[PDB]
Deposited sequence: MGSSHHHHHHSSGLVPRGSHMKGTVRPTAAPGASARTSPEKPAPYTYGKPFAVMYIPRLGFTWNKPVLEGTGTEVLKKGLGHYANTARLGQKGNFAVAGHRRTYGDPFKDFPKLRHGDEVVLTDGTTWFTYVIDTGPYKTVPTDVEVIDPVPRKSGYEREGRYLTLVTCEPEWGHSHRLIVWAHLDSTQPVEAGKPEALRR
């Protein structure tokens, strides 16, 4: 993925039917003004590992303003232009310290996962809030939107 450029769009039905945010490569301060940022050392969308994404709560469009509303079972849906990826939240929102970098590792100790999978993590940018999800389904964009976004 090209640094600082959008590569996907995220949808989270819990945060509103019209909530829709670009996901850009990187988590530098300039990237996060434009949208959500993918931690560039973490897995690509859909891949084994942990696809981790940061976003602001109170500045720059406030994409994660209502993060505390997220629940177990809520869907996080992304498109890369070819495939729709539906992730389902298993754990969180969890409050933690900014020093806790472990939360974006491939199998995070605090996620509850005890094995390799295809995970996603959302992070808010002086505590952080975290949710962890796993990949539930995929379908082609050529076939239409997934259930969750109708």
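Not built in the structure, per the record, are deposited positions 1 to 44, 170 to 175, 201.
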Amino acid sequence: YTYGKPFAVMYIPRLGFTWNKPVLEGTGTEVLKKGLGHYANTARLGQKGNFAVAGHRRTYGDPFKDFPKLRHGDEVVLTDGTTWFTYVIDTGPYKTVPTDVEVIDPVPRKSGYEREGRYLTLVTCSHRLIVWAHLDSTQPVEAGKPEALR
From here on, numbers count along this sequence of modelled residues.
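As recorded in the PDB entry, 89 to 97 is the stretch of 89 to 97 and 38 to 46 with the greater mean C-alpha temperature factor.
The mean C-alpha temperature factor is higher for 105 to 113 when 48 to 56 and 105 to 113 are set side by side. Sorting the modelled residues of the chain by their CA temperature factor places residue 70 in the middle third. In the PDB entry, a CA B factor belonging to the highest third of its chain's modelled residues is recorded for residue 29. Annotation for residue 126: CA B-factor lies in the highest third of the chain's modelled residues.
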